Amino acid sequence: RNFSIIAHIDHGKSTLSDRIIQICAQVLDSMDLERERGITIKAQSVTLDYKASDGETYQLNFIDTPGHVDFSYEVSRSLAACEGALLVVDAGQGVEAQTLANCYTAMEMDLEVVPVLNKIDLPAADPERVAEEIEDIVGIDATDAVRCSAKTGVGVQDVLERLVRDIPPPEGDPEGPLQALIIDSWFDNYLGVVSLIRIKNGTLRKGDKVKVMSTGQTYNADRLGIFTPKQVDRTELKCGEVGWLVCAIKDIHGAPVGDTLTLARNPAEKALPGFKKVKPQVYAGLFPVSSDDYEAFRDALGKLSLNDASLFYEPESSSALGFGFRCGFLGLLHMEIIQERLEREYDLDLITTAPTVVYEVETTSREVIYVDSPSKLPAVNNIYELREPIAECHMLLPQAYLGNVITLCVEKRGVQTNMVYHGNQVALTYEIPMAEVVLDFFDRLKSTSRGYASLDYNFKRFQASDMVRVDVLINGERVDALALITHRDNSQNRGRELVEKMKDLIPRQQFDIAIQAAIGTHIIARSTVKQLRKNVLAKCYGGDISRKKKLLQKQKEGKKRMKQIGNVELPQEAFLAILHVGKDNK
Amino acid sequence: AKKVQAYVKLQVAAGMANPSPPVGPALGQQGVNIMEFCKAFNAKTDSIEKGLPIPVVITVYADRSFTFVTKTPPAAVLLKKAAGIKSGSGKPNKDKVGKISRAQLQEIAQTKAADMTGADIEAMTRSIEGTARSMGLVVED
Amino acid sequence: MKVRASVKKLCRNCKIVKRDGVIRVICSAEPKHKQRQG
RNA sequence: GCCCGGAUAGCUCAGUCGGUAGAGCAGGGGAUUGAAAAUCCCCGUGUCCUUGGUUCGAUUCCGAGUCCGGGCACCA
RNA sequence: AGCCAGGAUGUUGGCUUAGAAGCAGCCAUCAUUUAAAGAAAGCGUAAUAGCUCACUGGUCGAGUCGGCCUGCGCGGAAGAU
Ligand SMILES: Nc1nc2c(ncn2[C@@H]2O[C@H](COP(=O)(O)OP(=O)(O)NP(=O)(O)O)[C@@H](O)[C@H]2O)c(=O)[nH]1
Ligand SMILES: [Mg+2]
């Protein structure tokens, strides 16, 4: 039997797992990153020989799953591997936003669902109340779904009994051409690439010649077996069963996930249908803290990414950090973590920064060039039409929150291209600039809509705007490093704000200073550091004034000289906070 | 009829039945076969001059059945047409833009005598001036 | 609640009362309008 | 924060009681050369800092703002 | 003063804004139905809808109201043995 657990963040969903393992939180989790935070993060396929009440020995290809918006693509995959889908829910916390979202993916997959009242031991629990709250929402029957604890429990039934009678047997014929599906393939040093897989047709003995399809590669079958709670080898994986397929894969990209595999003894056409496509929501760019790191850091993603498809990245350049990557995270936790999976593993210290975005440009001539970075724009006389990229959007939210969401997109520069419909759940559309989107626009939807939301992006079409550079002067020493590009109305705030970071982190100088954001020669903002000054007067105390202006006159006449020679070293400031990374972990 | 189970007053172009930025979402976004309405409201349209607004309060039912009840084109629009302008005062209202014959206005009430409960038909035109005066233009009446 | 010396009403709902020797505005409407001393 | 003077082409700047704005330079062309500099010549390519108002009419006048220079006060 | 009612039509006033529907802003603010109702005094809406006051009816049966000039008071009003 297969299935794959689904639920709202924190609902016994990983608690019920090992408890199920115990029948035959802690356990399943491996990396310290899970033991801390306690959130599940990498789904661990498992298997056990369950003994049916009817005396049958059903085999259970159990699959625990992560529950977060940032782990949606770990979840969309694992559902592919199994017909089933247990759906845990709290007696108290009621239905989630994600607990709905995980289902609607399941709905198009036409998969079975087996709802369960977890945490029924709760004093505040209203289990009678709960099942009512699904019928008008999930759409799934829950009229009499089995209740159970998870603390122990109860221990009811355990519901493996009801599970098997709702779970179809796997459907695929042995003897036919091999059609294993790849799943979370994860690289290792000594063993080369490892490939978790879901055998669909035929079976897979050791030492046999497997063939990756799209790569056209063919390989020996050096080792295999299902994964128990711990590792276990087997002479062959039976049709319809999960397990790793160690082989001399060697290559970084020899067996990309979702590609079909088949024995070289007998290639098919063929299927299986391929995963899957995904798009970034948050979309920040990473830079190695030191340029020398960039080599290993370039290939740190060559290995980490394979353990984590939900990631997207391409090479990118900055004025102050050299080459770095423009990352495409699924969400703030996705970024948070990978922030540690690298440093806490490879020890590749890093610095996050707000995302770069490209700009098409046409010079005073009549041609185009794309502007990855602010520093490299044509002199403003040379420009003919700077053009902002736009991004398409596909929010899918309930009308109760509609008044909150439209309000957000309009501030972001939106244009309501569509608004209809699908029953109850509205289907809005907008075209919005990507610059205003990639920066935490996804977050406010998850805040204002109370987690009931959806999104989709793409490069769309470029558009002209009144947008301009905003240089940051320092005593007239313009700094190319801090160049910016913003729509002009936005500029006064980005203008009178950027100086405010500088004012708080430029050390006091022996002569009075003049930080000032400005467009062209025109200056839209200013702040100033104060002078240091000797007391000079601390001595005279006869009280005659003329005898005192003499001293103070020098204090003034000489600062006029020190002001003109000036010059100001600016070390690491062209970086921290000024490049976001003013907060930990940083 | 006059009392609605959930009515939706809404100005609408004569020339269309299934837009979206104008209407569709607008219907309270609550149970309407837009495929029906598009065959519905446009059917009336051939009789009416096209490209122009028409009030038409709608009457929804829990049945999901409804009887949209078109009225008559707005008085405020018909002044501008004889005036020939594509918009309003443009300049601040106290200063003039438009112009109207005294014979003009006088049939305007007759065009909309239904909505206009005014007793004397000449008296009914006094209201029309408000449609005129808000435009700020000097009718030659 | 703002102290201030010249109290006076803001919202129409504001009330003005003289508890002890002190004067006090009271708008059940908007909470911000509470005031002591005037 | 006050006082006085300012904000005019890509850059440095001249001008305005209320009457359709310019200069050098940069840029783009012409002449010259076998073509190259150089040199002479020719084109302004601006919504007169931004935003509202009065006037037939505003770069001037008025309101609000963001700014530049100098002079006081603050500025171990 | 309280308690029961009505609080409408032209019509989304004109523009300007993606939206401007009594109500984001600018100019205007007449006309009809009448017991009476501002192109609107607040709340309200993404935008409408929605809820009130203004003005009128009903019960109600005895004074009610807002300023002026003056007497005296109250807040404003924190210091070091
Ligand atoms: N007292 C009590 N605690 C319970 C019960 N069921 C679950 N928990 C606790 O609630 C938490 C949720 O467990 P967990 O398996 O992490 O849920 P999850 O949804 O898998 N978490 P995640 O989404 O991060 O993977 C754990 O601390 C678990 O011990 C219950 O019936 N009683
Ligand atoms: Mg868990």
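Residues numbered from 1 in each chain as written, not as in the entry; some residues may be left out. Chains lettered and ligands numbered in written order. Part of a larger assembly, values for the part shown. Heavy atoms only, no water.

1. Some thoughts on the UniProt feature "binding site: GTP" in chain A
All names here are of chain A.
Thought 1: In this numbering, the UniProt entry assigns the feature "binding site: GTP" to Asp10, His11, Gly12, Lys13, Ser14, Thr15, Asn118, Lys119, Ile120 and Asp121.
Thought 2: Here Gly12 lies in the loop between β1 (6-7) and α1 (15-23).
Thought 3: Residue contacts for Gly12: discarding those within four places in its chain leaves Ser17 and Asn118.
Thought 4: Within the element layout of this structure, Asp121 appears in the loop between β5 (114-118) and α5 (127-135).
Thought 5: Setting aside chain neighbours within four positions, we find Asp121 in contact with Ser149 and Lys151. (UniProt positions renumbered as here; feature names shortened; annotations may be inferred. Helix = DSSP H or I, 4+ residues; strand = E, 2+ residues; numbered from the N terminus. Contact = heavy atoms within 4.5 Å.)

2. Here's the deal with the site of ligand 1
All names here are of chain A.
Thought 1: Lining the immediate surroundings of ligand 1 are 17 residues, of which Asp10, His11, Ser14, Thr15 and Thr40 lie closest.
Thought 2: Backbone polar atom of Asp10 to an oxygen atom of ligand 1: 3.0 Å apart, as the coordinates give it.
Thought 3: Between ligand 1 and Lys119 there is a distance of 3.1 Å, counted from a nitrogen atom to a side-chain nitrogen or oxygen.
Thought 4: Isolated, ligand 1 exposes 640 Å² of accessible area, and the fraction of that covered by the protein chains is 74%.
Thought 5: Class assignment of the residues belonging to the shell around ligand 1 gives a composition of 4 nonpolar, 9 polar and 4 charged. (Near = heavy atom within 4 Å. Polar contact = N/O pair within 3.5 Å; in protein donor to acceptor, adjacent residues only side chain to side chain. Areas by Shrake-Rupley, 256 points an atom, 1.4 Å probe, with all protein chains shown as cover. Nonpolar A, V, L, I, M, F, W, Y, C, P; charged D, E, K, R; others polar.)

3. Digging into the side chain of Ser449 of chain A
Thought 1: Its location among the elements puts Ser449 of chain A in the loop between α11 (441-448) and β27 (459-464).
Thought 2: Residues within four places of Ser449 of chain A in sequence aside, it is in contact with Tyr401, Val405 and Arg444 of chain A.

4. A word on the sheet that holds strand β20 (residues 350-353) of chain A
Residue and element names in this part refer to chain A.
Thought 1: Here 4 strands make up an open sheet; going across it, the order is β18-β19-β17-β20 and the pairing antiparallel. This sheet does not close on itself; its edge strands, each paired only once, are β18 (315-318) and β20. The sheet shows a mean angle of 40° between the axes of neighbouring strands, direction not considered.
Thought 2: Contacting β17 (285-288), β19 (322-326) and β20, helix α7 (residues 294-304) crosses the sheet at an angle of about 15° to β19.
Thought 3: Against the sheet, helix α8 (residues 332-343) engages β17 and β20, with an angle of about 160° to β20. (Pairing = 2+ DSSP bridges. Axes fitted to C-alpha atoms, helices over the stretch in contact; angles between N-to-C directions.)

5. Thoughts on the protein's contact with RNA strand E
Thought 1: With respect to spatial proximity, 36 residues lie near RNA strand E, and among them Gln11, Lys80, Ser89, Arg126 and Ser127 of chain B are the closest.
Thought 2: Residue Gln11 of chain B places a side-chain N or O atom 2.6 Å away from a base nitrogen belonging to RNA strand E.
Thought 3: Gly118 of chain B places a polar main-chain atom, nitrogen or oxygen, 3.3 Å from a sugar or linking oxygen of RNA strand E.
Thought 4: Taken together, the elements giving at least two residues each to the surface near RNA strand E come down to α9 (402-411) of chain A together with α2 (75-83) and α5 (121-133) of chain B.
Thought 5: Top element by residues in the surface near RNA strand E is α5 of chain B. It accounts for 6 residues.
Thought 6: Of the residues in the surface near RNA strand E, the class split is 11 nonpolar, 17 polar and 8 charged.

6. Let's talk about empty space enclosed by the protein
Thought 1: The calculated volume of the largest cavity comes to roughly 170 Å³.
Thought 2: When contributions to the lining of the largest cavity are tallied by element, the ones reaching two or more residues are α1 (34-45) and β4 (58-60) of chain B.
Thought 3: Grouping the constituent residues of the lining of the largest cavity by class yields 13 nonpolar, 2 polar and no charged.
Thought 4: Of the voids in this model, the second largest cavity is the one considered here, and its volume is about 140 Å³.
Thought 5: Counting residues per element, the lining of the second largest cavity draws most heavily on helix α3 (residues 72-78) of chain A, at 3 residues.
Thought 6: Grouping the constituent residues of the lining of the second largest cavity by class yields 6 nonpolar, 2 polar and 4 charged.
Thought 7: Summarising the domain contributions, the lining of the second largest cavity has at least three residues from each of domain 1 (1-172) and domain 2 (173-272) of chain A. (1 Å grid on protein atoms, 1.4 Å probe; cavity = no way out; pocket = protein on both sides within 12 Å on 5 of 7 lines; lining within 4 Å. Points joined across faces, edges and corners; volume = space filled by probe spheres on them. Domains from an automatic or database assignment.)

7. A look at a negative patch on the surface
Residues and elements named next belong to chain A.
Thought 1: A contiguous patch of negative charge, built from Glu132, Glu135, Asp136, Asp141 and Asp144, is present on the exposed surface.
Thought 2: Mapped onto the fold, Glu132 is located in helix α5.
Thought 3: A relative accessible area of 55% means that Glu132 is categorised as exposed. (Patch = residues over 30% accessible without salt bridge, like charges linked within 9 Å, V, L, I, M, F, W, Y side chains within 5 Å. Salt bridge = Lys/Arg side-chain N within 4 Å of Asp/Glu carboxyl O. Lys, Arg positive; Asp, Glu negative; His and termini not counted. Charge placed at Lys NZ, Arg CZ, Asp CG, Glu CD. Buried < 20%, exposed > 50% of the residue type's maximum accessible area, 1.4 Å probe, protein only.)

8. Focus: the protein's contact with RNA strand D
Residue and element names in this part refer to chain A.
Thought 1: Of all residues adjacent to RNA strand D, which total 19 residues, the nearest are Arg496, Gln516, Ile524, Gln531 and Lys560.
Thought 2: Here RNA strand D approaches the protein such that, of its atoms within 4 Å, sugar and phosphate make up 59%.
Thought 3: Top element by residues in the surface near RNA strand D is helix α13 (residues 546-565). It accounts for 3 residues.
Thought 4: Looking at the surface near RNA strand D, its residues break down into 5 nonpolar, 7 polar and 7 charged.

9. Examining unusual backbone geometry
Thought 1: Here the bond from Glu269 of chain A into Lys270 of chain A is cis, since omega is 5°, no more than 30 degrees from zero.
Thought 2: Among the secondary structure elements, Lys270 of chain A is positioned in the loop between β16 (260-263) and β17.
Thought 3: A cis amide bond links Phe275 of chain A to the next residue, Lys276 of chain A, at an omega of -10°.
Thought 4: Positive phi is not limited to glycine here, since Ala577 of chain A has a value of about 60°.
Thought 5: Mapped onto the elements of the fold, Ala577 of chain A is located in the segment after α13.
Thought 6: Residue class for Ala577 of chain A comes out buried when judged on its relative accessible area of 17%.
Thought 7: At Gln37 of chain C, a residue that is not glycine, the phi angle is positive and equals roughly 70°.

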